[PDB]
>>> print(open('coords.pdb').read())   # PDB, C-alpha atoms
ATOM      1  CA  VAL Q 504     -75.632 -23.546   5.833
ATOM      2  CA  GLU Q 505     -73.542 -26.657   6.441
ATOM      3  CA  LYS Q 506     -73.176 -27.383   2.717
ATOM      4  CA  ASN Q 507     -72.371 -23.785   1.773
ATOM      5  CA  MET Q 508     -69.646 -23.824   4.459
ATOM      6  CA  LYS Q 509     -68.341 -27.348   3.640
ATOM      7  CA  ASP Q 510     -67.747 -25.645   0.271
ATOM      8  CA  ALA Q 511     -66.171 -22.527   1.783
ATOM      9  CA  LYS Q 512     -63.646 -24.644   3.713
ATOM     10  CA  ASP Q 513     -62.883 -26.694   0.599
ATOM     11  CA  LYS Q 514     -62.295 -23.529  -1.429
ATOM     12  CA  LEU Q 515     -60.061 -21.955   1.214
ATOM     13  CA  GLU Q 516     -58.009 -25.156   1.323
ATOM     14  CA  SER Q 517     -57.292 -24.864  -2.409
ATOM     15  CA  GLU Q 518     -55.425 -21.543  -2.115
ATOM     16  CA  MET Q 519     -52.775 -22.954   0.245
ATOM     17  CA  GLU Q 520     -49.932 -22.667  -2.271
ATOM     18  CA  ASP Q 521     -51.195 -19.705  -4.311
ATOM     19  CA  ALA Q 522     -51.398 -17.209  -1.448
ATOM     20  CA  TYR Q 523     -48.011 -18.369  -0.136
ATOM     21  CA  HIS Q 524     -46.450 -17.837  -3.562
ATOM     22  CA  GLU Q 525     -48.080 -14.409  -3.829
ATOM     23  CA  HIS Q 526     -46.788 -13.397  -0.389
ATOM     24  CA  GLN Q 527     -43.249 -14.560  -1.162
ATOM     25  CA  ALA Q 528     -43.316 -12.731  -4.496
ATOM     26  CA  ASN Q 529     -44.558  -9.545  -2.820
ATOM     27  CA  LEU Q 530     -41.885  -9.558  -0.114
ATOM     28  CA  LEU Q 531     -39.244 -10.181  -2.781
ATOM     29  CA  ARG Q 532     -40.618  -7.252  -4.803
ATOM     30  CA  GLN Q 533     -40.537  -4.921  -1.800
ATOM     31  CA  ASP Q 534     -36.924  -5.888  -1.108
ATOM     32  CA  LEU Q 535     -36.076  -5.392  -4.790
ATOM     33  CA  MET Q 536     -37.631  -1.914  -4.890
ATOM     34  CA  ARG Q 537     -35.874  -0.781  -1.713
ATOM     35  CA  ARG Q 538     -32.554  -2.031  -3.102
ATOM     36  CA  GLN Q 539     -33.220  -0.200  -6.385
ATOM     37  CA  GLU Q 540     -33.966   2.956  -4.391
ATOM     38  CA  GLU Q 541     -30.601   2.580  -2.670
ATOM     39  CA  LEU Q 542     -29.114   2.041  -6.143
ATOM     40  CA  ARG Q 543     -30.453   5.269  -7.609
ATOM     41  CA  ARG Q 544     -29.535   7.326  -4.532
ATOM     42  CA  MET Q 545     -25.928   6.172  -4.289
ATOM     43  CA  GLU Q 546     -25.488   6.217  -8.078
ATOM     44  CA  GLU Q 547     -26.559   9.856  -8.334
ATOM     45  CA  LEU Q 548     -24.330  10.727  -5.369
ATOM     46  CA  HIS Q 549     -21.387   9.068  -7.135
ATOM     47  CA  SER Q 550     -22.215  10.910 -10.363
ATOM     48  CA  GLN Q 551     -22.224  14.247  -8.527
ATOM     49  CA  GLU Q 552     -18.856  13.435  -6.942
ATOM     50  CA  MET Q 553     -17.428  12.482 -10.342
TER
ATOM     51  CA  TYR F 158      -0.566   6.296  11.427
ATOM     52  CA  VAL F 159       1.325   3.193  12.582
ATOM     53  CA  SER F 160       2.602   1.624  15.794
ATOM     54  CA  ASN F 161       5.221  -0.949  16.740
ATOM     55  CA  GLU F 162       2.572  -3.409  17.932
ATOM     56  CA  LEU F 163       0.690  -2.918  14.655
ATOM     57  CA  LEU F 164       3.669  -4.232  12.683
ATOM     58  CA  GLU F 165       4.322  -6.879  15.347
ATOM     59  CA  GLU F 166       0.811  -8.343  15.025
ATOM     60  CA  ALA F 167       0.185  -7.730  11.311
ATOM     61  CA  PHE F 168       3.324  -9.637  10.293
ATOM     62  CA  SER F 169       2.741 -12.222  13.037
ATOM     63  CA  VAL F 170       0.630 -14.164  10.514
ATOM     64  CA  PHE F 171       3.687 -15.284   8.526
ATOM     65  CA  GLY F 172       5.574 -16.206  11.697
ATOM     66  CA  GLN F 173       6.977 -15.011  15.000
ATOM     67  CA  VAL F 174       8.175 -11.392  14.983
ATOM     68  CA  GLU F 175      11.131 -10.746  17.281
ATOM     69  CA  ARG F 176      11.092  -6.986  16.661
ATOM     70  CA  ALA F 177       8.944  -4.630  14.589
ATOM     71  CA  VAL F 178       9.712  -0.947  15.207
ATOM     72  CA  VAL F 179       8.665   1.846  12.860
ATOM     73  CA  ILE F 180      11.628   3.897  11.659
ATOM     74  CA  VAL F 181      11.008   7.262  13.336
ATOM     75  CA  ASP F 182      13.190  10.372  13.146
ATOM     76  CA  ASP F 183      14.036  12.842  15.921
ATOM     77  CA  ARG F 184      10.804  14.864  15.871
ATOM     78  CA  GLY F 185       8.632  11.753  16.247
ATOM     79  CA  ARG F 186       6.794  11.672  12.926
ATOM     80  CA  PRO F 187       7.063   8.400  10.974
ATOM     81  CA  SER F 188       9.727   8.376   8.278
ATOM     82  CA  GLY F 189       7.600   6.252   5.943
ATOM     83  CA  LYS F 190       9.816   3.198   6.521
ATOM     84  CA  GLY F 191      10.105   0.399   9.054
ATOM     85  CA  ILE F 192      12.222  -2.585  10.027
ATOM     86  CA  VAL F 193      10.825  -6.064  10.748
ATOM     87  CA  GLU F 194      12.979  -9.049  11.741
ATOM     88  CA  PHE F 195      11.710 -12.628  11.908
ATOM     89  CA  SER F 196      13.247 -15.645  13.641
ATOM     90  CA  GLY F 197      13.627 -18.097  10.749
ATOM     91  CA  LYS F 198      14.866 -17.517   7.216
ATOM     92  CA  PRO F 199      12.121 -19.657   5.570
ATOM     93  CA  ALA F 200       9.455 -17.628   7.387
ATOM     94  CA  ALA F 201      11.012 -14.368   6.175
ATOM     95  CA  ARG F 202      11.209 -15.701   2.612
ATOM     96  CA  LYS F 203       7.575 -16.841   2.736
ATOM     97  CA  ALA F 204       6.478 -13.433   4.030
ATOM     98  CA  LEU F 205       8.506 -11.674   1.327
ATOM     99  CA  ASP F 206       7.084 -13.751  -1.526
ATOM    100  CA  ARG F 207       3.520 -13.550  -0.180
ATOM    101  CA  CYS F 208       3.767  -9.762   0.098
ATOM    102  CA  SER F 209       5.351  -9.472  -3.358
ATOM    103  CA  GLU F 210       2.744 -11.612  -5.124
ATOM    104  CA  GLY F 211      -0.082 -10.451  -2.842
ATOM    105  CA  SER F 212      -1.274  -7.145  -1.398
ATOM    106  CA  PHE F 213      -0.535  -7.019   2.339
ATOM    107  CA  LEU F 214      -2.654  -4.197   3.760
ATOM    108  CA  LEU F 215      -2.288  -2.703   7.245
ATOM    109  CA  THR F 216      -5.191  -0.340   7.999
ATOM    110  CA  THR F 217      -8.423   1.024   6.518
ATOM    111  CA  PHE F 218      -6.405   3.191   4.108
ATOM    112  CA  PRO F 219      -6.175   0.759   1.146
ATOM    113  CA  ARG F 220      -2.438   1.299   0.582
ATOM    114  CA  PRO F 221      -0.383  -1.910   0.895
ATOM    115  CA  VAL F 222       3.224  -1.809   2.069
ATOM    116  CA  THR F 223       6.138  -2.642  -0.222
ATOM    117  CA  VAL F 224       8.293  -5.468   1.160
ATOM    118  CA  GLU F 225      11.927  -6.077   0.169
ATOM    119  CA  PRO F 226      14.900  -7.835   1.797
ATOM    120  CA  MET F 227      16.808  -5.805   4.387
ATOM    121  CA  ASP F 228      20.330  -4.735   3.516
ATOM    122  CA  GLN F 229      22.531  -4.661   6.620
ATOM    123  CA  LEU F 230      24.590  -1.472   6.959
ATOM    124  CA  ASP F 231      27.334  -1.959   9.550
ATOM    125  CA  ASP F 232      29.200   0.843  11.313
ATOM    126  CA  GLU F 233      30.978  -1.072  14.112
ATOM    127  CA  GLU F 234      33.987  -2.625  12.366
ATOM    128  CA  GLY F 235      34.233   0.184   9.815
ATOM    129  CA  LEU F 236      37.259  -0.794   7.746
ATOM    130  CA  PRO F 237      40.632  -1.457   9.399
ATOM    131  CA  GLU F 238      43.855  -0.763   7.536
ATOM    132  CA  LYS F 239      45.077  -4.370   7.673
ATOM    133  CA  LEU F 240      41.941  -5.705   5.936
ATOM    134  CA  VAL F 241      42.639  -3.519   2.892
ATOM    135  CA  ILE F 242      44.211  -5.459   0.027
ATOM    136  CA  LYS F 243      47.221  -3.081   0.041
ATOM    137  CA  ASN F 244      48.033  -4.079  -3.541
ATOM    138  CA  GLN F 245      49.671  -2.082  -6.337
ATOM    139  CA  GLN F 246      46.733   0.222  -7.091
ATOM    140  CA  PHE F 247      46.605   1.250  -3.419
ATOM    141  CA  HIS F 248      50.058   2.785  -3.863
ATOM    142  CA  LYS F 249      48.828   4.311  -7.129
ATOM    143  CA  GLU F 250      45.947   5.916  -5.212
ATOM    144  CA  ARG F 251      48.248   6.916  -2.315
ATOM    145  CA  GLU F 252      50.879   8.920  -4.190
ATOM    146  CA  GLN F 253      49.849  12.199  -2.528
ATOM    147  CA  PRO F 254      48.014  12.967   0.732
ATOM    148  CA  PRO F 255      44.487  14.413   0.920
ATOM    149  CA  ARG F 256      44.390  18.181   0.455
ATOM    150  CA  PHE F 257      42.474  21.032  -1.153
ATOM    151  CA  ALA F 258      42.403  21.335  -4.939
ATOM    152  CA  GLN F 259      44.486  24.233  -6.232
ATOM    153  CA  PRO F 260      42.311  26.568  -8.350
ATOM    154  CA  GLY F 261      43.234  26.781 -12.015
ATOM    155  CA  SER F 262      44.796  23.298 -12.071
ATOM    156  CA  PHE F 263      43.798  20.011 -13.692
ATOM    157  CA  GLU F 264      42.643  18.600 -10.348
ATOM    158  CA  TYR F 265      40.353  21.591  -9.786
ATOM    159  CA  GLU F 266      38.826  21.300 -13.270
ATOM    160  CA  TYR F 267      38.184  17.569 -12.964
ATOM    161  CA  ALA F 268      36.708  18.163  -9.500
ATOM    162  CA  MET F 269      34.416  20.752 -11.104
ATOM    163  CA  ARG F 270      33.324  18.052 -13.546
ATOM    164  CA  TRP F 271      32.682  15.598 -10.695
ATOM    165  CA  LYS F 272      30.740  18.200  -8.696
ATOM    166  CA  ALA F 273      28.599  19.050 -11.725
ATOM    167  CA  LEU F 274      27.880  15.349 -12.273
ATOM    168  CA  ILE F 275      26.960  14.894  -8.600
ATOM    169  CA  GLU F 276      24.671  17.937  -8.670
ATOM    170  CA  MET F 277      22.991  16.588 -11.813
ATOM    171  CA  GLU F 278      22.530  13.254 -10.022
ATOM    172  CA  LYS F 279      20.913  15.044  -7.076
ATOM    173  CA  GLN F 280      18.645  17.004  -9.430
ATOM    174  CA  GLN F 281      17.551  13.803 -11.186
ATOM    175  CA  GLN F 282      16.848  12.106  -7.850
ATOM    176  CA  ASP F 283      14.833  15.135  -6.722
ATOM    177  CA  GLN F 284      12.880  15.086  -9.992
ATOM    178  CA  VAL F 285      12.074  11.394  -9.505
ATOM    179  CA  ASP F 286      10.988  12.112  -5.923
ATOM    180  CA  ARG F 287       8.756  14.967  -7.107
ATOM    181  CA  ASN F 288       7.199  12.775  -9.804
ATOM    182  CA  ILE F 289       6.482  10.021  -7.271
ATOM    183  CA  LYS F 290       5.037  12.519  -4.781
ATOM    184  CA  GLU F 291       2.745  14.110  -7.374
ATOM    185  CA  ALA F 292       1.608  10.687  -8.595
ATOM    186  CA  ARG F 293       0.816   9.632  -5.021
ATOM    187  CA  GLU F 294      -1.028  12.900  -4.339
ATOM    188  CA  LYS F 295      -3.112  12.483  -7.499
ATOM    189  CA  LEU F 296      -3.827   8.873  -6.529
ATOM    190  CA  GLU F 297      -4.924   9.971  -3.044
ATOM    191  CA  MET F 298      -7.355  12.645  -4.259
ATOM    192  CA  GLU F 299      -9.518   9.920  -5.833
ATOM    193  CA  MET F 300     -10.261   7.866  -2.690
ATOM    194  CA  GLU F 301     -13.989   8.568  -2.815
ATOM    195  CA  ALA F 302     -14.500   8.354  -6.587
ATOM    196  CA  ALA F 303     -13.021   4.873  -7.048
ATOM    197  CA  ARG F 304     -14.655   3.529  -3.882
ATOM    198  CA  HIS F 305     -18.081   4.845  -4.889
ATOM    199  CA  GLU F 306     -17.722   3.484  -8.429
ATOM    200  CA  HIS F 307     -16.750   0.052  -7.112
ATOM    201  CA  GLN F 308     -19.726   0.143  -4.743
ATOM    202  CA  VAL F 309     -21.994   1.040  -7.682
ATOM    203  CA  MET F 310     -20.734  -1.803  -9.848
ATOM    204  CA  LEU F 311     -20.717  -4.453  -7.099
ATOM    205  CA  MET F 312     -24.206  -3.680  -5.883
ATOM    206  CA  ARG F 313     -25.682  -3.376  -9.396
ATOM    207  CA  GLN F 314     -24.152  -6.796 -10.029
TER
END
>>> encode(input="coords.pdb", output="structure tokens")
Amino acid sequence: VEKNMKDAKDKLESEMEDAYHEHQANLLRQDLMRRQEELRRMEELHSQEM
Amino acid sequence: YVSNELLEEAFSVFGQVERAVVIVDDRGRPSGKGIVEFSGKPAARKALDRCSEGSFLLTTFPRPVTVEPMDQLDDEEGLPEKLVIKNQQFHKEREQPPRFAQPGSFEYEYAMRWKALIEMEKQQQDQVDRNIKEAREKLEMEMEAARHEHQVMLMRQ
């Protein structure tokens, strides 16, 4: 049990940077998609006005 | 929609404003003009050149105000007789006293010519005013279109 775990802790230490990068990328993607949604909405409104 | 304090504070950036009153007619609606007087000539010149080269805007309505030097029309002194030159052409222009033009005479015909020229001048001025008014009305109808297009381009950028 102790060895299996010593290994589990060592593995979970390795993903320090990878999970952080994934989380930052995901939050950036969510912000990008919401901004693109705003883009399409206001663009079609402007097209209708034109 | 303007106020005296609006012009007092807006032009307070260039310098101290002694008076800033919107030119208003009898009914109370704004006449579209206004008078602003500074304290120092260099401050007035700086404000004039900054407004000419820049776009000085007052309110949310994105229409800047045109700024030019103030001509001073005086009605106190008028013109006294002794300050006239009283030279030879004054006697030439004072051969006969003011009167009505006799119909069928040379004076009446030349006055007809002058009146026609003056009426044509008034018609041309009215045509220019109409052209300016229609251009401004057309420019005003597109508030939302231009603003929305600029929003589109800025935010896509």
>>> interface_residues(input="coords.pdb", of="chain F", to="chain Q", cutoff="10 Å", atoms="all atoms listed in the file", output="PyMOL selection string")
chain F and resi 299+301-306+308-310+312-313
>>> atom_distance(input="coords.pdb", atom1="CA of residue 179 in chain F", atom2="CA of residue 193 in chain F")
8.5 Å
>>> closest_residue(input="coords.pdb", among="F:268, F:159, F:224, F:170", to="residue 185 in chain F", atoms="only C-alpha atoms")
F:159
>>> atom_distance(input="coords.pdb", atom1="CA of residue 212 in chain F", atom2="CA of residue 293 in chain F")
17.3 Å
>>> resolve_selection(input="coords.pdb", expression="the PyMOL selection byres ((chain F and resi 214-222) around 10)", output="PyMOL selection string")
chain F and resi 158-159+163-164+167-168+189-190+208-209+211-213+223-225+297+300
>>> atom_distance(input="coords.pdb", atom1="CA of residue 203 in chain F", atom2="CA of residue 173 in chain F")
12.4 Å
>>> axis_aligned_box(input="coords.pdb", around="range 266-283 of chain F", padding_each_side="3 Å", output="AutoDock Vina command-line options")
--center_x 26.8 --center_y 16.7 --center_z -10.1 --size_x 30.0 --size_y 15.2 --size_z 12.8
>>> closest_residue(input="coords.pdb", among="F:234, F:183, F:194, F:291", to="residue 171 in chain F", atoms="only C-alpha atoms")
F:194
>>> resolve_selection(input="coords.pdb", expression="the PyMOL selection byres ((chain F and resi 180) around 10)", output="PyMOL selection string")
chain F and resi 161+177-179+181-182+185-192
>>> write_last_selection(input="coords.pdb", atoms="C-alpha atoms", output="compact mmCIF listing (two decimals), keeping the file's coordinate frame")
# COMPACT_ATOMS: atom_id res chain seq x y z
CA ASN F 161 5.22 -0.95 16.74
CA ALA F 177 8.94 -4.63 14.59
CA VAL F 178 9.71 -0.95 15.21
CA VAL F 179 8.66 1.85 12.86
CA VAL F 181 11.01 7.26 13.34
CA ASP F 182 13.19 10.37 13.15
CA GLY F 185 8.63 11.75 16.25
CA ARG F 186 6.79 11.67 12.93
CA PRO F 187 7.06 8.40 10.97
CA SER F 188 9.73 8.38 8.28
CA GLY F 189 7.60 6.25 5.94
CA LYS F 190 9.82 3.20 6.52
CA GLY F 191 10.10 0.40 9.05
CA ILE F 192 12.22 -2.58 10.03
